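Two forms of a single protein chain come next, each set out by itself as structure tokens; they are called structure 1 and structure 2.
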Structure 1
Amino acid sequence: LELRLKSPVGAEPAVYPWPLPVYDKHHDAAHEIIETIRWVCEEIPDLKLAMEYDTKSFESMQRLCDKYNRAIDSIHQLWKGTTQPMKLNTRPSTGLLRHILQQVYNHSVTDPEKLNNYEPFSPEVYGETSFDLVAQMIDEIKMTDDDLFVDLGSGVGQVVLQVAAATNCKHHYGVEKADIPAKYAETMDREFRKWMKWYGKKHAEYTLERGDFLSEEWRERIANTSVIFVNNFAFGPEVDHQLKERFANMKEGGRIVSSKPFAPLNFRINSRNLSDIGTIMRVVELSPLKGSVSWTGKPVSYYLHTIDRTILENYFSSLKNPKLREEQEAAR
């Protein structure tokens, strides 16, 4: 006994055995099926029109699947007529992408318990993943095809995949040091590509790698990245310090988005702090997403750092000008 869902673009059908597997306490294949149908119906209005359940009854679930499959066949017949078929070159909506990543994770991370010891993957937010927060980041931070993107410490790769699905960066990378998450990343990658093809959706190029971002090789790679995401909230002093030294080699207009700032928000340059990272970057607290919950109980905010050496330039200009020099020397 089994259930099948046809792909809206003619990829091979999704096939689930009956009884439908359970993935964890809040996820199972029955609701994966229901949500797939719901999202294919958002992809294709005509299907939504044609569509109007006991998830423990094989007959109830077979009837839903049959109704979806017959509607997909009719839509495919419609597209052989004069109706234009669904555009094949598009990015997924945030809602669809959320479903896709959950589906990819369901099928990739076989034993969620093996991951526990590499926690936290989302230390900045109580009770949810970074997904909704990253979806905001992505809309605030303009990225283009000149950009290279990296998630430093990428886990099973979920944030890299989300950004690659939504943006035009030339390449997206994840780097992950631990064996278990890195190995799950390899499956996440194959599953993601499979499911994105199944929905008829495109993503930018990406690569998930094994490695330590504090290594010597990564030194020059960080220097040549234009957009770095790093979830550093729970990092200690020495790692944050080591990262600051890597960032000091980034090019002007390079950006770092993090869960804890790497410099104070109102850094004031003076003769004792001249070599601190604050001398070369604007730092701002981004708008928090309403509804998200931080450790304080308030909405979570991320931190945007933009490499901008005009701050340092202006300090040196001011040291050359006796009036400006006396003012500076006055305060401090």
Structure 2
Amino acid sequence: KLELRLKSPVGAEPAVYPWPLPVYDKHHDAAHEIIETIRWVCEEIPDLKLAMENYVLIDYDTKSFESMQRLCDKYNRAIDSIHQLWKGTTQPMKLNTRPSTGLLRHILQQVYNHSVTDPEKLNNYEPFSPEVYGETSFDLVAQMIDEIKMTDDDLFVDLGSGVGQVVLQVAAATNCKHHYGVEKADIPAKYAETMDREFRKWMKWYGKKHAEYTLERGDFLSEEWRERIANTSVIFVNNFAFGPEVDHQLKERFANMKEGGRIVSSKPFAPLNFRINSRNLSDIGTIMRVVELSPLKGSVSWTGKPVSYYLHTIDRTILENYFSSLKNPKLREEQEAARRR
């Protein structure tokens, strides 16, 4: 049995790769995962980055066991010496910190590589499919995270969480305390169990912390989920492809959320320029502000168009102000004159 091993920078069990190296899918294989892992550990540890001949990493023969073993042996020797350095006065790498954005992208790729065996069985009806998460949705999610600035008072739910990528990313990147994903379909929920196991393993391998999270199987339209959605502070829902009946039902669930509750989605649930009046009083735009977030630069979905998400914030002052105006005869005449102009 031939194999390649990479030591963990924090003394977790080593990553073991059999030879011949696995192919994970059409653009990802274990040889390049090994090279990228070494690169990302170098970003975590300056002394390792100094010791490695950094531009040579690309010049190894990924088809030669002897070449690849040479690279891994060089990394492993460097890790041993860094662990010795840390037994001295030098301070060890800080533990229990969150991964940088670049490291997190890599970790999520590596989780996906090890977890998802038949990518064809996935229902690629969203703007981007899970196969390209790192180049596309990952950056949309990262931008969203920086915009919404969640705190430890928040509770995050991904409705229709697929193989779990959004939940893993957000749980690794935010001070939010609790993170849930719920997914109805058997195949992605099955893959999500492996993703969960591998993410926890790799995060410990790199010495990085994530917040608490749970990936479940379920129907987000069930009665149990009504109460749960009502008590969620941030919802993510990739509703781009959902039919009118599903979006209608979701709207009814969001109408129970608390003030300041937020929903990020791939298709808006209300017009961006809602103007409340007598005929539209029961519509969801009466209780939320809706804005389009900055799009992802440099990619297009299979529609051929740029992609962006939509942020909805529960805000009942829209409705409060409308009723206060109705009360005042002057303002009521002016509202009727503006609707008719």
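Reference numbering: structure 1, starting with residue 1. C-alpha atoms forming the largest set that superposes within 1.5 Å between two forms make up the rigid core.
In the core-aligned comparison between structure 1 and structure 2, the C-alpha of 124 is the only one from 124, 209, 147, 240 that shifts by 2 Å or more. Superposition of the core reveals a Cα shift of 2 Å or more for residue 115 between structure 1 and structure 2. Residue 294 shows a C-alpha shift of 2 Å or greater between structure 1 and structure 2 [criterion: core-superposed Cα displacement of 2 Å]. Overlaying the rigid core between structure 1 and structure 2 leaves the Cα of residue 70 displaced by 0.4 angstrom.
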